[PDB]
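In what follows, a structure is listed as structure tokens, so that the remarks can point back to it.
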Amino acid sequence: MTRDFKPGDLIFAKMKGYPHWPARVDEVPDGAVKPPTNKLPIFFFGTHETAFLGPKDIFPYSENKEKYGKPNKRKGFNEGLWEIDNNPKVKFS
């Protein structure tokens, strides 16, 4: 949907030209980190990456977790996938 999301929410981020993957939503930048224009901060778990994608691009993990629950051809499998439903705030460690 177009509706915005909340900080630290579990949602499968879909990168242009890539399958769905369980990531974590981040908060706004300090104010001078060059924020997005029509997208939100998406912290890719397992790969420690970050991609900017709008709401219509990101879907609820509640729908993907029921599909396979884990990545098929995506690196990072079993590397933070169980934390998405347990320790979603591992980035801080």
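So you can find residues: chains in the structure tokens are A, B, ... in the order shown, residues in each start at 1, and ligands are numbered from 1 in order.
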For this session: Taking the DSSP assignment computed from this structure's backbone, write out as number ranges by chain all residues of chain A that belong to strand (DSSP E or B).
Result: A: 10-14, 20-25, 40-44, 49-53, 59-60
Exercise. Any idea what's packed within 12 Å of residue 3 (chain A), counting only C-alpha atoms, ignoring anything in its chain fewer than 2 positions away? Could you give it as a list in words?
Worked result: residues 1, 5, 6, 39, 40, 54, 55, 56, 57, 58 and 59 of chain A
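Among the candidates A:41, A:93, A:75, A:16, the one nearest to residue 28 (chain A) when counting only C-alpha atoms is A:41.
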Exercise. From the set A:51, A:22, A:7, A:14, which residue has the shortest atom-to-atom contact distance to residue 68 (chain A), counting only C-alpha atoms?
Worked result: A:22
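Of the listed residues (A:60, A:81, A:90, A:31), A:60 comes nearest to residue 13 (chain A); the distances count only C-alpha atoms.
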Exercise. Of the candidates A:4, A:69, A:80, A:33, which one gets nearest to residue 53 (chain A) if we count only C-alpha atoms?
Worked result: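 Among A:4, A:69, A:80, A:33, it is A:4 that comes nearest to residue 53 (chain A).
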Problem set entry | Residue neighbourhood residue 67 (chain A), 12 Å, only C-alpha atoms, exclusion window fewer than 4 positions, as a PyMOL selection string | chain A and resi 12+20-21+60-63+71-72
Next, dump the selected residues to file, keeping only C-alpha atoms, as a PDB file, in the first residue's frame.
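Below you can see part.pdb, which holds the result:
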ATOM      1  CA  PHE A  12      10.151  -7.891   3.063  1.00  0.00           C
ATOM      2  CA  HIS A  20      11.835 -10.403  -1.676  1.00  0.00           C
ATOM      3  CA  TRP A  21      13.994 -10.358   1.455  1.00  0.00           C
ATOM      4  CA  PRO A  60       4.596  -7.206   4.970  1.00  0.00           C
ATOM      5  CA  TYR A  61       6.807 -10.078   6.122  1.00  0.00           C
ATOM      6  CA  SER A  62       3.593 -11.701   7.349  1.00  0.00           C
ATOM      7  CA  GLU A  63       2.875 -12.612   3.727  1.00  0.00           C
ATOM      8  CA  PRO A  71      15.462 -16.881   1.187  1.00  0.00           C
ATOM      9  CA  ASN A  72      15.879 -19.276  -1.739  1.00  0.00           C
TER      10      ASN A  72
END
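Note that the spacing between CA of residue 84 (chain A) and CA of residue 36 (chain A) amounts to 24.2 Å.
In terms of minimum interatomic distance to residue 77 (chain A), A:45 ranks closest within A:45, A:52, A:92, A:18, counting only C-alpha atoms.
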Exercise. Looking only at the backbone, which of the residues in chain A does DSSP tag as alpha helix (DSSP H), as number ranges by chain?
Worked result: A: 61-64
For this session: Work out how far CA of residue 43 (chain A) is from CA of residue 26 (chain A), in Å to one decimal.
Result: 6.4 Å
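For the pair CA of residue 74 (chain A) and CA of residue 15 (chain A), the interatomic distance is 11.8 Å.
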